[PDB]
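**Q** Pasting a structure here, questions to come.
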Amino acid sequence: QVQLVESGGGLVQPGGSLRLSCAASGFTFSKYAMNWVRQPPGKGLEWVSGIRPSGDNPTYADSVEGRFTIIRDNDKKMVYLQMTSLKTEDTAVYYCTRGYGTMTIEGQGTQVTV
Amino acid sequence: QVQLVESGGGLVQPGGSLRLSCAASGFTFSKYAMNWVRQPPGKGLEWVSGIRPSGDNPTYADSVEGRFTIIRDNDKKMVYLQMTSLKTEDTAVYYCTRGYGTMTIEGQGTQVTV
Amino acid sequence: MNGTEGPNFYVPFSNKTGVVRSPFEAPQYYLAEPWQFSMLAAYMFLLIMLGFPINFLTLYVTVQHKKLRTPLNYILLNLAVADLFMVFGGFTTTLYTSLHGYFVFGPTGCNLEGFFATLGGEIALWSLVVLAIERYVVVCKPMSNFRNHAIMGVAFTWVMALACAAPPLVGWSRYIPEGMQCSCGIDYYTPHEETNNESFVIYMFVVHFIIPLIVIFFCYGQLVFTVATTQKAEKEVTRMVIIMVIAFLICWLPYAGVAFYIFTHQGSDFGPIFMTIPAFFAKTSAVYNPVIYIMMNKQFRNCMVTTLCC
Amino acid sequence: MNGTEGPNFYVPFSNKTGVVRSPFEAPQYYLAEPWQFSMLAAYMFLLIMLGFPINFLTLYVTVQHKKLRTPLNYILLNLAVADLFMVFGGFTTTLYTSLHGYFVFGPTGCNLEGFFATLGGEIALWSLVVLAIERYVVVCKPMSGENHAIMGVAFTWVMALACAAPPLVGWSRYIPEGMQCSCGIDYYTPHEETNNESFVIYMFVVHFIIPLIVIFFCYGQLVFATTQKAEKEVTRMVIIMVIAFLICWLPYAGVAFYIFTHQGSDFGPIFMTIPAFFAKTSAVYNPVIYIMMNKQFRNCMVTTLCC
Ligand SMILES: *[C@@H]1O[C@H](CO)[C@@H](O[C@@H]2O[C@H](CO)[C@@H](O[C@@H]3O[C@H](CO[C@H]4O[C@H](CO)[C@@H](O)[C@H](O)[C@@H]4O)[C@@H](O)[C@H](O[C@H]4O[C@H](CO)[C@@H](O)[C@H](O)[C@@H]4O[C@@H]4O[C@H](CO)[C@@H](O)[C@H](O)[C@H]4NC(C)=O)[C@@H]3O)[C@H](O)[C@H]2NC(C)=O)[C@H](O)[C@H]1NC(C)=O
Ligand SMILES: *[C@@H]1O[C@H](CO)[C@@H](O[C@@H]2O[C@H](CO)[C@@H](O[C@@H]3O[C@H](CO[C@H]4O[C@H](CO)[C@@H](O)[C@H](O)[C@@H]4O)[C@@H](O)[C@H](O[C@H]4O[C@H](CO)[C@@H](O)[C@H](O)[C@@H]4O)[C@@H]3O)[C@H](O)[C@H]2NC(C)=O)[C@H](O)[C@H]1NC(C)=O
Ligand SMILES: *[C@@H]1O[C@H](CO)[C@@H](O[C@@H]2O[C@H](CO)[C@@H](O[C@@H]3O[C@H](CO)[C@@H](O)[C@H](O)[C@@H]3O)[C@H](O)[C@H]2NC(C)=O)[C@H](O)[C@H]1NC(C)=O
Ligand SMILES: *[C@@H]1O[C@H](CO)[C@@H](O[C@@H]2O[C@H](CO)[C@@H](O)[C@H](O)[C@H]2NC(C)=O)[C@H](O)[C@H]1NC(C)=O
Ligand SMILES: *C/C=C(C)/C=C\C=C(C)\C=C\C1=C(C)CCCC1(C)C
Ligand SMILES: *C/C=C(C)/C=C\C=C(C)\C=C\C1=C(C)CCCC1(C)C
């Protein structure tokens, strides 16, 4: 029975900072990759960031290129997202997804409002 | 160049009467059949009545069964529709179509408002 | 009403219930049971399935061999070419449409199905005209010291068949879905004066059907007082020409008769199963002809095995 | 973000551009040129076209004749049965999908394509296991026809169903490959929930390598008018039947392993689709040899055709 916690996030002022979390439970964590995906108000899902199973090579969207940074802990089953120098459009509900896809396992999410 | 005139019709009070007309032009008239079709406000087209090329056997919808009656003049290229004992829902824009189909040549028709 | 005419189509099923839809826009499963449409697609598969190899191999064997250049072989190659144009041009569309239940391709999809199926039957017919003339000239011998021509006789079939199948595509007449709205054919139903299909049907029946039959039975009438190499090559080939016509008459009369019945009784009470049975039955025109060329003519059958078992 | 994994699928093409779609929902013409999809459908037609007659006639001739009941003929009928299940069960779906550009049937449409194509190769493989054992027993003669061979045909269908069925059950799954026109065992995505990683080890070793050991074991034993030809030509054809199998299935089997190891690496749709569709000649190539090499059958085939 798979479970993905969606810790970290809340209300932050423009040009601020925020470090999200994604605790994994009930599967071989380091044998899969993990991504971050957000849900803007009105607009469709955006694939934010992604990283390999080992964690060597991270990839970001052009939207949040360089500003955001993704990193994972294989030992403690966690995926972080240090979001820095935020903007108004980054206002969204953030989810962490498995594999390489935008399909989201059910998660608490996190209301990141900028 | 085919042309179908849509004479007869106008404002009539509930339970009244009205005799429509449909003058044919620019084709062998008696060599095919003709129908009547109406456009109620909001709802889709209704096939009202139809008749064979010779004019022997007429057919009516269940909606206007017996009340309406169709008859054609092959000599003068005309199709009539003696609509009797009208109702409120008969309010529509009436067209006469060729063949056996609901596709209406020309347009405008006649504003039969009950 | 009895049928249901439209701009492109004519559905032989009353639209009093309000169920009738265009056979280009939506499926026609209200005409007959959904499994009956799969029965067509299944049947239509076997026509394509046994059509390609027999027509392809017959084309291959005839061309591969420098021998086998008798007029009989030229025409039975000519058929094999047309029969492939049937299988690829026409039968693909109907097999695809039979599945979906309507001409999802569109009005042009209908044209393909009718066109190449019309060619197949006319090219086969006008070929039997050539064969009838050829068997006449050898037996009765109207021109002395006579016995190239076949190649010009193949040009005759493609000229005459295109005088039938092409005009619908141009404007004079049209191809319209028939029966279950899975096949297509010449508009026997709607007069459509704008298209002038009424005049074409007279043209098609007399010129593209009846006149041939007169010429065939004219030439057969010459061989009434009549019926190693010359005693068999005259007999078996001319015998096969008759069997080739006999099979043609079994094949195309069902459709040709029903087409005339509908041409006379336009708007009468007839269902979708009426025409679709003899229509799809006539699509055996792809396979039956070069089965006889193998079955009867053993001369070819020997040289066919040469190509297969090398 | 080299590939694009989904619940059902894995598209070997990055979804940074945002273009990638599910190969069950929409067509995949962004993977390769639209004419390359028609190239598949054209190629795939000829497999179905020359597949049915050769397999059907070979089935017909074998059953029609009361003669021709040597184990060789039983297995080459067994193949002809399976090869028809390929042509009808699998090849129809891929030919239809190749046209449309995606599995419009749905996830079950993928299962058909993979299942019967998996059977065809495994039934053919486990048949070559039986043939290798049969040619061994006659030549080397450890023991001093229509029985053992019939049980050997039961062996192939038992072992092939141990490969192709479990994906349908739950252990492993069938997933679109390359251009997303064929399907196959999930090498690309671990999908631990399904446990396809464990199945791939199972499939390679147990379904494929074990056979190859048994075949080359039996071939290793044979290193040192009727009986002099029926022993030679048949055992010779068994070798040619394997040689053709090794040409056919190594391309796919190698690429499948490459992808199994390098999951998430940069590879395109053309990588797998070439050896995948190449391996679909498994329907036709086997009973071409049975006609081409074995002349005994070729004679009796003509009997059925030219009566
Ligand atoms: C076989 O028999 C069946 C049933 O008997 C028949 O099906 C009907 O086909 C007709 C078309 O031939 C359909 O009518 C159309 O409906 C359109 C909208 O209807 C939908 O929404 C209503 C909801 O109210 C539903 O009940 C309905 O089922 C539909 O889903 C309508 O837009 C069409 O007409 C407008 O557009 C044409 C094209 O431009 C125009 O010529 C018309 O005049 C009309 O525009 C309006 O004109 C009036 C008058 O000038 C104007 O004041 C008004 O502003 C315009 N409209 C607006 C608001 O913009 C059309 O009537 C009908 O829905 C079908 N019924 C079914 C099955 O639902 C088949 O056609 C028959 N088969 C054949 C063809 O043989
Ligand atoms: C490859 O990458 C592309 C990148 O775009 C992915 O495409 C996006 O897929 C997501 C999947 O969820 C889509 O997100 C959903 O959009 C719905 C609305 O889409 C339509 O309307 C919007 C109007 O704003 C148009 O812009 C858009 O084009 C569509 O016409 C929303 O209604 C959905 O929200 C609902 O469902 C989600 C489920 O997760 C809930 O969380 C929400 O609360 C809500 O109930 C959802 O946001 C997104 O629209 C797609 N983008 C595009 C291009 O339209 C591909 O999916 C990906 N490839 C694959 C198939 O894996
Ligand atoms: C739908 O199809 C039916 C069946 O073909 C059509 O019925 C035909 O209707 C005409 C006109 O009523 C009949 O003509 C009359 O026949 C009688 C007896 O044969 C004759 O005495 C009259 O002088 C006249 O010719 C015709 O017989 C009848 N067909 C039969 C026998 O069923 C019907 O007309 C079609 N519907 C439409 C819209 O035309
Ligand atoms: C896409 O594939 C490329 C090529 O295989 C990957 O690049 C490799 O990245 C690893 C580290 O993750 C390096 O050790 C290799 O040297 C790289 N290969 C070379 C030489 O190009 C890339 O990481 C893949 N991207 C993702 C995230 O899937
Ligand atoms: C399945 C599709 C078909 C049958 C399409 C068209 C067929 C014709 C137009 C056939 C007509 C005739 C032929 C081919 C043979 C002689 C009689 C004919 C002119 C009625
Ligand atoms: C075109 C469809 C295909 C290739 C579907 C599935 C194929 C397999 C699962 C093939 C695997 C293997 C077989 C059948 C033959 C021996 C090697 C193998 C186990 C990799």
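All residue names refer to the structure tokens as shown: chains lettered A, B, ... in order, residues numbered from 1 in each chain, ligands numbered from 1 in order.
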List the spatial neighbours of residue 78 in chain C as an MDAnalysis selection string - criterion: any atom at most 10 Å away, only C-alpha atoms, same-chain residues fewer than 3 positions off excluded.
**A** chainID C and resid 59 72:75 81:83 123:124 127 151 153:155 157:158
**Q** May I ask you to extract the residues of chain A within 12 Å of chain D, using only C-alpha atoms, and to give them as a count of residues only?
**A** 39
**Q** Using only C-alpha atoms, which protein or nucleic acid residues come within 8 Å of range 56-72 of chain D? Drop anything in the same chain fewer than 4 positions from it, and give the result as a PyMOL selection string.
**A** chain D and resi 52+76-77+80-81+84+131+134+145-146+148-150+234+287+297+300-301+304
**Q** Go ahead and write the residues just picked, N, CA and C atoms, as a CSV table (one decimal), in the first residue's frame.
**A**
chain,number,residue,atom,x,y,z
D,52,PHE,N,-1.0,-16.3,-43.5
D,52,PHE,CA,-2.2,-17.2,-43.5
D,52,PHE,C,-2.1,-18.4,-44.4
D,76,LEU,N,6.0,-29.0,-36.6
D,76,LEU,CA,5.8,-28.1,-37.7
D,76,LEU,C,4.4,-27.8,-38.0
D,77,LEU,N,3.5,-28.7,-37.6
D,77,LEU,CA,2.1,-28.4,-37.5
D,77,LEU,C,1.8,-27.5,-36.3
D,80,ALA,N,2.5,-24.2,-37.1
D,80,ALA,CA,1.6,-23.6,-38.1
D,80,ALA,C,0.3,-23.2,-37.4
D,81,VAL,N,-0.1,-23.9,-36.3
D,81,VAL,CA,-1.2,-23.6,-35.5
D,81,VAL,C,-1.0,-22.3,-34.7
D,84,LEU,N,-0.8,-19.2,-36.9
D,84,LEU,CA,-2.1,-18.6,-37.3
D,84,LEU,C,-2.6,-17.8,-36.1
D,131,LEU,N,12.8,-30.6,-30.8
D,131,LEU,CA,13.5,-31.1,-32.0
D,131,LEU,C,14.9,-31.5,-31.7
D,134,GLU,N,14.9,-34.7,-30.0
D,134,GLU,CA,14.4,-35.7,-30.9
D,134,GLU,C,15.5,-36.2,-31.8
D,145,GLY,N,7.1,-41.4,-31.9
D,145,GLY,CA,6.6,-41.1,-33.3
D,145,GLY,C,5.3,-40.3,-33.2
D,146,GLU,N,4.2,-40.9,-32.9
D,146,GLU,CA,2.9,-40.2,-32.7
D,146,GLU,C,2.5,-40.2,-31.3
D,148,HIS,N,5.2,-39.7,-28.2
D,148,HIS,CA,6.2,-38.8,-27.6
D,148,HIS,C,6.0,-37.4,-28.1
D,149,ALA,N,5.9,-37.3,-29.5
D,149,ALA,CA,5.8,-36.0,-30.2
D,149,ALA,C,4.6,-35.3,-29.8
D,150,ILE,N,3.5,-36.0,-29.5
D,150,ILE,CA,2.2,-35.4,-29.1
D,150,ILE,C,2.3,-34.8,-27.7
D,234,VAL,N,16.8,-34.0,-42.1
D,234,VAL,CA,15.9,-33.6,-41.0
D,234,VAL,C,16.6,-32.9,-39.9
D,287,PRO,N,7.7,-22.3,-41.4
D,287,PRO,CA,7.1,-23.2,-42.5
D,287,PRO,C,7.4,-22.9,-43.9
D,297,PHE,N,7.7,-33.3,-47.8
D,297,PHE,CA,6.5,-32.5,-47.6
D,297,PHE,C,6.1,-31.8,-48.9
D,300,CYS,N,4.0,-33.8,-51.2
D,300,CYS,CA,2.6,-34.1,-50.7
D,300,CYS,C,1.8,-32.8,-50.6
D,301,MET,N,2.5,-31.6,-50.6
D,301,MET,CA,1.8,-30.3,-50.6
D,301,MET,C,1.2,-30.1,-52.0
D,304,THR,N,-2.2,-31.8,-52.5
D,304,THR,CA,-3.3,-31.1,-52.0
D,304,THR,C,-3.7,-30.0,-53.0
**Q** DSSP says alpha helix (DSSP H) for which residues of range 76-159 of chain D? Put them as a ChimeraX atom specification?
**A** /D:76-85,91-100,107-139,148-159
**Q** Return the single residue from C:132, C:26, C:201, C:41 that is closest to ligand 1, with distances computed using only C-alpha atoms and all ligand atoms.
**A**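 Among the listed residues, C:26 lies closest to ligand 1.
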**Q** Hey, which residues come within 8 Å of ligand 5 if we count only C-alpha atoms and all ligand atoms? Could you give them as an NGL selection string?
**A** :C and (90 or 94 or 113-122 or 125 or 165 or 183-186 or 204-205 or 208-210 or 252-253 or 255-257 or 259-260 or 279-283)
**Q** Restricting it to N, CA, C and O atoms, dump the selection as a short mmCIF file (atom, residue, chain, number, x, y, z; two decimals), in the first residue's frame.
**A**
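The resulting file, result34.cif, is shown below:
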data_model
loop_
_atom_site.label_atom_id
_atom_site.label_comp_id
_atom_site.auth_asym_id
_atom_site.auth_seq_id
_atom_site.Cartn_x
_atom_site.Cartn_y
_atom_site.Cartn_z
N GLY C 90 -10.65 -0.77 -53.52
CA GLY C 90 -12.04 -0.83 -53.10
C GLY C 90 -12.23 -1.61 -51.80
O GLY C 90 -12.84 -1.10 -50.86
N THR C 94 -14.11 -0.91 -47.82
CA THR C 94 -15.32 -1.58 -47.37
C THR C 94 -15.04 -2.43 -46.14
O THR C 94 -15.88 -2.52 -45.26
N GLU C 113 -14.70 2.85 -52.99
CA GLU C 113 -15.33 1.55 -52.86
C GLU C 113 -16.11 1.22 -54.13
O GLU C 113 -15.99 0.12 -54.66
N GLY C 114 -16.90 2.20 -54.60
CA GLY C 114 -17.71 2.02 -55.79
C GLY C 114 -16.88 1.96 -57.07
O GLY C 114 -17.13 1.13 -57.93
N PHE C 115 -15.88 2.85 -57.17
CA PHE C 115 -15.11 3.04 -58.39
C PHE C 115 -14.42 1.75 -58.81
O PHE C 115 -14.64 1.25 -59.91
N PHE C 116 -13.58 1.21 -57.92
CA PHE C 116 -12.72 0.08 -58.25
C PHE C 116 -13.54 -1.21 -58.34
O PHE C 116 -13.15 -2.13 -59.05
N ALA C 117 -14.67 -1.26 -57.63
CA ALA C 117 -15.59 -2.38 -57.71
C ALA C 117 -16.37 -2.33 -59.02
O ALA C 117 -16.76 -3.37 -59.54
N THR C 118 -16.61 -1.11 -59.53
CA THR C 118 -17.27 -0.91 -60.81
C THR C 118 -16.31 -1.29 -61.94
O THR C 118 -16.72 -1.94 -62.90
N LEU C 119 -15.05 -0.86 -61.83
CA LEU C 119 -14.02 -1.23 -62.79
C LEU C 119 -13.91 -2.75 -62.88
O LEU C 119 -14.02 -3.31 -63.96
N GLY C 120 -13.70 -3.39 -61.73
CA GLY C 120 -13.50 -4.83 -61.65
C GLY C 120 -14.54 -5.63 -62.44
O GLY C 120 -14.19 -6.59 -63.12
N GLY C 121 -15.80 -5.21 -62.34
CA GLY C 121 -16.91 -5.88 -63.01
C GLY C 121 -16.99 -5.54 -64.50
O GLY C 121 -17.34 -6.39 -65.31
N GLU C 122 -16.67 -4.28 -64.84
CA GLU C 122 -16.74 -3.80 -66.21
C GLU C 122 -15.52 -4.27 -67.01
O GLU C 122 -15.66 -4.68 -68.15
N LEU C 125 -16.18 -7.70 -67.65
CA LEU C 125 -17.23 -7.85 -68.65
C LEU C 125 -16.67 -7.58 -70.05
O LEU C 125 -16.81 -8.41 -70.94
N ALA C 165 -17.00 3.89 -64.89
CA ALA C 165 -16.69 4.12 -63.49
C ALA C 165 -16.26 5.57 -63.25
O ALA C 165 -16.43 6.08 -62.14
N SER C 183 -21.16 -0.91 -48.60
CA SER C 183 -20.70 -0.81 -49.98
C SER C 183 -21.19 0.50 -50.59
O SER C 183 -21.92 1.26 -49.94
N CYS C 184 -20.77 0.77 -51.83
CA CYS C 184 -21.30 1.88 -52.61
C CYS C 184 -21.63 1.39 -54.02
O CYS C 184 -21.32 0.25 -54.37
N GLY C 185 -22.29 2.25 -54.80
CA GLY C 185 -22.67 1.92 -56.17
C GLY C 185 -23.38 3.09 -56.85
O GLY C 185 -23.51 4.16 -56.26
N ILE C 186 -23.82 2.87 -58.08
CA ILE C 186 -24.44 3.91 -58.88
C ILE C 186 -25.82 4.22 -58.31
O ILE C 186 -26.52 3.33 -57.83
N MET C 204 -25.73 2.96 -68.35
CA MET C 204 -24.93 1.91 -67.76
C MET C 204 -25.51 0.53 -68.10
O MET C 204 -24.77 -0.37 -68.46
N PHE C 205 -26.83 0.38 -67.98
CA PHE C 205 -27.46 -0.92 -68.19
C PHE C 205 -27.30 -1.35 -69.65
O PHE C 205 -26.81 -2.44 -69.90
N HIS C 208 -23.20 -0.46 -70.95
CA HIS C 208 -22.16 -1.06 -70.13
C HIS C 208 -22.58 -2.44 -69.62
O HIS C 208 -21.86 -3.03 -68.82
N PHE C 209 -23.74 -2.95 -70.04
CA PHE C 209 -24.15 -4.30 -69.66
C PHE C 209 -24.78 -5.01 -70.86
O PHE C 209 -24.23 -6.00 -71.35
N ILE C 210 -25.94 -4.53 -71.32
CA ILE C 210 -26.77 -5.28 -72.26
C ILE C 210 -26.05 -5.43 -73.60
O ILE C 210 -26.06 -6.52 -74.18
N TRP C 252 -23.11 -11.38 -61.18
CA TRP C 252 -23.46 -9.98 -61.35
C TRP C 252 -24.95 -9.76 -61.63
O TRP C 252 -25.42 -8.63 -61.54
N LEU C 253 -25.68 -10.83 -61.98
CA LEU C 253 -27.12 -10.71 -62.22
C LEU C 253 -27.84 -10.34 -60.92
O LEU C 253 -28.69 -9.45 -60.93
N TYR C 255 -27.00 -8.50 -58.38
CA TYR C 255 -26.85 -7.08 -58.15
C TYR C 255 -27.53 -6.28 -59.27
O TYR C 255 -28.26 -5.33 -58.99
N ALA C 256 -27.29 -6.69 -60.52
CA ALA C 256 -27.78 -5.96 -61.68
C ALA C 256 -29.30 -5.95 -61.71
O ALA C 256 -29.91 -4.95 -62.11
N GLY C 257 -29.91 -7.06 -61.28
CA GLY C 257 -31.36 -7.18 -61.22
C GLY C 257 -31.96 -6.31 -60.11
O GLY C 257 -32.95 -5.61 -60.33
N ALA C 259 -30.53 -3.75 -58.76
CA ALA C 259 -30.25 -2.36 -59.12
C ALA C 259 -31.35 -1.82 -60.03
O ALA C 259 -31.73 -0.65 -59.92
N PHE C 260 -31.85 -2.67 -60.94
CA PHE C 260 -32.91 -2.29 -61.86
C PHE C 260 -34.24 -2.20 -61.11
O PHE C 260 -35.03 -1.29 -61.36
N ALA C 279 -24.95 -7.31 -53.44
CA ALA C 279 -23.87 -6.34 -53.61
C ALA C 279 -22.55 -6.96 -53.17
O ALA C 279 -21.57 -6.91 -53.91
N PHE C 280 -22.53 -7.53 -51.96
CA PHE C 280 -21.32 -8.12 -51.40
C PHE C 280 -21.02 -9.46 -52.07
O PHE C 280 -19.86 -9.88 -52.12
N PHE C 281 -22.06 -10.13 -52.59
CA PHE C 281 -21.88 -11.37 -53.33
C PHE C 281 -21.10 -11.11 -54.61
O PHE C 281 -20.31 -11.96 -55.04
N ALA C 282 -21.30 -9.93 -55.21
CA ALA C 282 -20.69 -9.59 -56.48
C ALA C 282 -19.21 -9.22 -56.32
O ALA C 282 -18.50 -9.08 -57.31
N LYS C 283 -18.75 -9.08 -55.07
CA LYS C 283 -17.37 -8.72 -54.78
C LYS C 283 -16.47 -9.96 -54.85
O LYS C 283 -15.28 -9.86 -54.59
#
**Q** Once you count only C-alpha atoms and all ligand atoms, which residues end up within 7 Å of ligand 6, and could you hand them over as a ChimeraX atom specification?
**A** /D:113-115,117-122,125,182-185,203-204,207-208,249-250,252-253,256,276-277,279-280
**Q** For residue 91 in chain C, please output as a short mmCIF file (atom, residue, chain, number, x, y, z; two decimals) with N, CA, C and O atoms, in the first residue's frame all residues within 8 Å (counting only C-alpha atoms; exclusion window: fewer than 3 positions along the same chain).
**A**
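Result file follows (selection01.cif):
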data_model
loop_
_atom_site.label_atom_id
_atom_site.label_comp_id
_atom_site.auth_asym_id
_atom_site.auth_seq_id
_atom_site.Cartn_x
_atom_site.Cartn_y
_atom_site.Cartn_z
N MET C 44 -15.54 -10.04 -45.91
CA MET C 44 -14.82 -9.11 -46.76
C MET C 44 -13.31 -9.31 -46.58
O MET C 44 -12.53 -9.00 -47.48
N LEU C 47 -12.19 -12.15 -48.91
CA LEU C 47 -12.09 -11.69 -50.29
C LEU C 47 -10.72 -11.04 -50.52
O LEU C 47 -10.09 -11.28 -51.54
N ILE C 48 -10.28 -10.22 -49.55
CA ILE C 48 -8.98 -9.58 -49.61
C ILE C 48 -7.89 -10.63 -49.38
O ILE C 48 -6.82 -10.55 -49.98
N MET C 86 -9.07 -3.82 -57.27
CA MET C 86 -10.26 -4.07 -56.48
C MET C 86 -9.87 -4.26 -55.01
O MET C 86 -10.41 -3.60 -54.13
N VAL C 87 -8.92 -5.17 -54.78
CA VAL C 87 -8.55 -5.62 -53.45
C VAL C 87 -7.96 -4.47 -52.65
O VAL C 87 -8.22 -4.35 -51.45
N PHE C 88 -7.15 -3.62 -53.30
CA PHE C 88 -6.45 -2.54 -52.62
C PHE C 88 -7.27 -1.26 -52.66
O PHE C 88 -7.41 -0.58 -51.65
N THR C 94 -14.11 -0.91 -47.82
CA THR C 94 -15.32 -1.58 -47.37
C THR C 94 -15.04 -2.43 -46.14
O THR C 94 -15.88 -2.52 -45.26
N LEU C 95 -13.85 -3.06 -46.08
CA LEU C 95 -13.48 -3.86 -44.93
C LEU C 95 -13.31 -2.97 -43.70
O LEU C 95 -13.65 -3.38 -42.59
N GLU C 113 -14.70 2.85 -52.99
CA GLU C 113 -15.33 1.55 -52.86
C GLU C 113 -16.11 1.22 -54.13
O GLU C 113 -15.99 0.12 -54.66
N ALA C 117 -14.67 -1.26 -57.63
CA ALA C 117 -15.59 -2.38 -57.71
C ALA C 117 -16.37 -2.33 -59.02
O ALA C 117 -16.76 -3.37 -59.54
#
**Q** Could the residues of chain D within 12 Å of chain C, counting only C-alpha atoms, be given as a ChimeraX atom specification, please?
**A** /D:42,45-54,56,87-88,92,96,99-100,288,291-293,295,297-299,301-303,305-307
**Q** Range 71-84 of chain A: which residues within 8 Å, counting only C-alpha atoms, same-chain residues fewer than 2 positions away excluded, as a tab-separated table (two decimals) with N, CA and C atoms, in the first residue's frame?
**A**
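Written file, result.tsv:
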chain	number	residue	atom	x	y	z
A	15	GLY	N	9.08	36.89	-4.23
A	15	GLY	CA	10.53	36.91	-4.18
A	15	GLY	C	11.08	36.23	-2.93
A	16	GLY	N	10.27	35.36	-2.32
A	16	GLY	CA	10.63	34.70	-1.08
A	16	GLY	C	11.40	33.40	-1.33
A	17	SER	N	11.11	32.38	-0.50
A	17	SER	CA	11.76	31.09	-0.59
A	17	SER	C	10.94	30.04	0.16
A	18	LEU	N	11.11	28.77	-0.22
A	18	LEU	CA	10.32	27.68	0.32
A	18	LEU	C	10.97	26.35	-0.07
A	19	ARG	N	11.05	25.42	0.89
A	19	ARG	CA	11.67	24.12	0.67
A	19	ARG	C	10.63	23.02	0.95
A	20	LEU	N	10.18	22.36	-0.12
A	20	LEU	CA	9.14	21.35	-0.04
A	20	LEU	C	9.75	20.00	0.33
A	21	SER	N	8.88	19.04	0.66
A	21	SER	CA	9.28	17.70	1.04
A	21	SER	C	8.29	16.67	0.50
A	22	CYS	N	8.76	15.44	0.33
A	22	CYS	CA	7.97	14.35	-0.22
A	22	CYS	C	8.48	13.02	0.32
A	23	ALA	N	7.89	12.57	1.44
A	23	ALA	CA	8.30	11.35	2.10
A	23	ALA	C	7.63	10.15	1.44
A	24	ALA	N	8.45	9.16	1.05
A	24	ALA	CA	7.97	7.99	0.34
A	24	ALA	C	7.77	6.84	1.33
A	25	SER	N	6.77	6.00	1.06
A	25	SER	CA	6.41	4.90	1.94
A	25	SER	C	5.82	3.74	1.13
A	29	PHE	N	12.29	2.60	-2.96
A	29	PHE	CA	12.37	4.01	-3.30
A	29	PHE	C	13.45	4.26	-4.34
A	30	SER	N	14.68	3.83	-4.03
A	30	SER	CA	15.85	4.15	-4.84
A	30	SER	C	15.85	3.40	-6.17
A	34	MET	N	11.81	10.13	-9.25
A	34	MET	CA	10.74	10.93	-8.69
A	34	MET	C	10.75	12.32	-9.32
A	36	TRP	N	8.55	16.45	-9.44
A	36	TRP	CA	7.66	17.42	-8.82
A	36	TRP	C	6.73	18.00	-9.89
A	51	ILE	N	14.37	13.93	-11.46
A	51	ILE	CA	15.71	13.46	-11.11
A	51	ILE	C	15.76	11.94	-11.27
A	54	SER	N	19.26	7.19	-8.92
A	54	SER	CA	20.49	7.42	-8.17
A	54	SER	C	20.52	8.86	-7.65
A	55	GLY	N	20.06	9.80	-8.48
A	55	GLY	CA	19.98	11.21	-8.11
A	55	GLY	C	21.06	12.06	-8.77
A	58	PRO	N	19.77	15.98	-12.30
A	58	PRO	CA	18.46	16.63	-12.19
A	58	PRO	C	18.08	17.39	-13.45
A	67	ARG	N	16.11	28.64	-10.64
A	67	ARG	CA	15.50	29.18	-9.44
A	67	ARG	C	15.19	28.04	-8.47
A	68	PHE	N	14.45	27.03	-8.96
A	68	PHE	CA	14.16	25.84	-8.18
A	68	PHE	C	15.34	24.87	-8.29
A	69	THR	N	15.46	23.98	-7.30
A	69	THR	CA	16.47	22.94	-7.32
A	69	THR	C	15.95	21.72	-6.56
A	86	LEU	N	10.81	33.30	-5.63
A	86	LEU	CA	9.53	32.89	-6.17
A	86	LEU	C	8.89	34.03	-6.95
**Q** Around ligand 1, at most 9 Å away and counting only C-alpha atoms and all ligand atoms, which residues are there? Put them as a PyMOL selection string, please.
**A** (chain B and resi 38-47+92-93+100-104+107-109+111) or (chain C and resi 4-7+9-11+14-22)
**Q** Show me, as a list in words, the residues that have an atom within 6 Å of residue 114 in chain A when counting only C-alpha atoms, minus same-chain residues fewer than 5 positions from it.
**A**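 Residues meeting the cut-off are residues 12, 13, 14, 88 and 91 of chain A.
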**Q** May I have the residues from that selection written out with N, CA and C atoms, as a short mmCIF file (atom, residue, chain, number, x, y, z; two decimals), in the first residue's frame?
**A**
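The resulting out-v2.cif:
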data_model
loop_
_atom_site.label_atom_id
_atom_site.label_comp_id
_atom_site.auth_asym_id
_atom_site.auth_seq_id
_atom_site.Cartn_x
_atom_site.Cartn_y
_atom_site.Cartn_z
N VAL A 12 3.80 32.50 1.40
CA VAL A 12 5.07 33.19 1.31
C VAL A 12 4.90 34.42 0.41
N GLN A 13 5.69 35.47 0.69
CA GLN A 13 5.58 36.74 -0.01
C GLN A 13 6.41 36.68 -1.29
N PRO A 14 6.07 37.49 -2.33
CA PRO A 14 6.81 37.49 -3.60
C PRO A 14 8.32 37.66 -3.44
N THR A 88 4.71 35.29 -8.71
CA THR A 88 3.28 35.22 -8.46
C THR A 88 2.67 33.99 -9.15
N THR A 91 2.32 30.35 -7.73
CA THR A 91 1.16 30.00 -6.93
C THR A 91 0.50 28.76 -7.53
#
